[PDB]
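Single chain ahead, by itself, as structure tokens, in the form deposited in one PDB entry.
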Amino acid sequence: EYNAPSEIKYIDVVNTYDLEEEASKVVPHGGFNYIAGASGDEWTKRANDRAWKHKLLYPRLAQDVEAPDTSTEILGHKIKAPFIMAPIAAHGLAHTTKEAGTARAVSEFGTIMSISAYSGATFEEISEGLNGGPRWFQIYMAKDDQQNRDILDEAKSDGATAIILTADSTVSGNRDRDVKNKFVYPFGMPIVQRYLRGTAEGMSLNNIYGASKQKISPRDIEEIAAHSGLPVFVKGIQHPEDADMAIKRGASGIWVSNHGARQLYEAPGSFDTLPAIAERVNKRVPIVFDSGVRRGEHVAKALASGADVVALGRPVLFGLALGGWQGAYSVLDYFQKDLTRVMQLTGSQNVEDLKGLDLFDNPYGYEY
């Protein structure tokens, strides 16, 4: 009973904020609000966005720069721009082509697709979209150790070159939109088919987050690392002590995130947590940053603040919310062009130069 959009077209992206309102006049109310919403009254989602005004870019003059190069390398992948696709469940809420549609955009653009444990697409559907493109697999710890062995084997057979252990979701955030809407996922998770015992449709949202491992410990990071023989990112980190713990427990990367503000409420905007984590990590492993990236300036500010790449989420999905629809390859291309402008105006010839930018401290915050 779910009428997702199915039209395929390029979009002229002026900015990613307008993509949210664009789509809701076939684009189902409950699924839109599942994608767009966040915990509580969404103050921490607003914080993710307003945090970018805390540290401001300087234009830099006569820097001897032209035709900036956005390419970078992470864990042996050369990628077209320093952004990857974040792992997101249930892309079928946004478009009938679901994760296969996103994978084709990501692969055709030339970056890394992160595949959610809660994908609505089969791997063979996602694989058809990827057409050999690089992919990382995101897992939740299962209570059942055999389920963890089986899903790590699945990801490795499926050509994953890293595992993303999302650790910030041991229970659901207080997602008021989903509660008020009495939102139920309308389709299955053909990858985690080994846990929910009864039915997937008969479980709303509280019973599925509950279904996964709550008692994750550093030993789980050690055991994923040992079993997989792949680099493991720990995703959801906001406190520097968790970054040190994760690296000591064998993580190969730190993924700074608050899950798009969909988890803990009345927490900091994700960008505000990044410098303290980067200083603690002190180059030991690569850092991925997400939660609120909407502009080229945000990609630059994350790199200047210690991230190696950012991950994109909601703007890429925007095949849905509020008005008439937009989000895909056009969105990836927008971010690459947007970043190229920012590189030219900050004196940055290449992605390494972005990592050396000094930012202006704005103590007044958003209202200035």
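Basically, rigid core = biggest C-alpha set you can superpose within 1.5 Å across the two forms. The numbering used is simple: start at 1 and walk along the sequence shown.
*Asks:* Mean Cα B factor from the PDB record: higher for 346 to 354, or higher for 17 to 25?
*Replies:* Here the higher of the two C-alpha B-factor means belongs to 17 to 25.
*Asks:* Quick check on the record: does 162 to 170 or 69 to 77 carry the larger mean Cα temperature factor?
*Replies:* 69 to 77 has the higher mean C-alpha B-factor.
*Asks:* Out of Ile237, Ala267, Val293, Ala225, whose C-alpha atom has the biggest B factor in the entry?
*Replies:* It is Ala225.
*Asks:* Compare the CA B factors listed in the entry for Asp244, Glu279, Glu128, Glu297 and report the winner.
*Replies:* Result of the comparison over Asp244, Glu279, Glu128, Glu297: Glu128.
*Asks:* Sort the modelled residues of this chain by their C-alpha B factor and say whether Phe137 lands in the lowest, middle or highest third.
*Replies:* Middle third of the chain for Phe137's C-alpha B-factor.
*Asks:* Thinking about Cα B factors across the chain, which third does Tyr368 belong to?
*Replies:* Lowest third.
*Asks:* Using the B-factors in the PDB entry, rank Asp272's C-alpha atom against the chain and give the third, lowest, middle or highest.
*Replies:* Its C-alpha B-factor, which the entry lists for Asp272, ranks in the lowest third among residues of this chain.
*Asks:* Please place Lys213 in the lowest, middle or highest third of its chain by C-alpha B factor as given in the entry.
*Replies:* According to the entry, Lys213 has a C-alpha B-factor in the chain's highest third.
*Asks:* Could you place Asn258 in the lowest, middle or highest third of its chain by Cα temperature factor, using the values in the record?
*Replies:* Tercile = lowest for this residue's CA B-factor.
Another form, the form deposited in another entry, is not on view; read the next lines as being about it.
*Asks:* Once the rigid core is superposed, exactly one of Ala47, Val309, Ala321, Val331 has its CA displaced by 2 Å or more between this form and the one not shown; which residue is that?
*Replies:* Comparing the C-alpha positions, the one residue that moves 2 Å or more is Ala321.
*Asks:* Rigid core fitted, then: does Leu56 show a CA shift of 2 angstroms or greater between this form and the one not shown?
*Replies:* Shift at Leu56: below 2 Å after core fit.
*Asks:* Taking the rigid core as the superposition reference, indicate whether the CA of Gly202 shifts 2 angstroms or more between this form and the one not shown.
*Replies:* Passes the 2 Å threshold, so yes.
*Asks:* With the core lined up, does the C-alpha of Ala23 move 2 Å or more between this form and the one not shown?
*Replies:* It does shift by 2 Å or more.
*Asks:* Looking in the other entry, are the Cα atoms of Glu7 and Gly323 closer together or farther apart than here, the change being 3 Å or more?
*Replies:* Here the pair is farther apart than in the other entry; there, closer.
*Asks:* Do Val14 and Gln326 move together or apart in the other entry, judged by C-alpha distance changing 3 Å or more?
*Replies:* Residues separate in the other entry, at least 3 Å farther apart.
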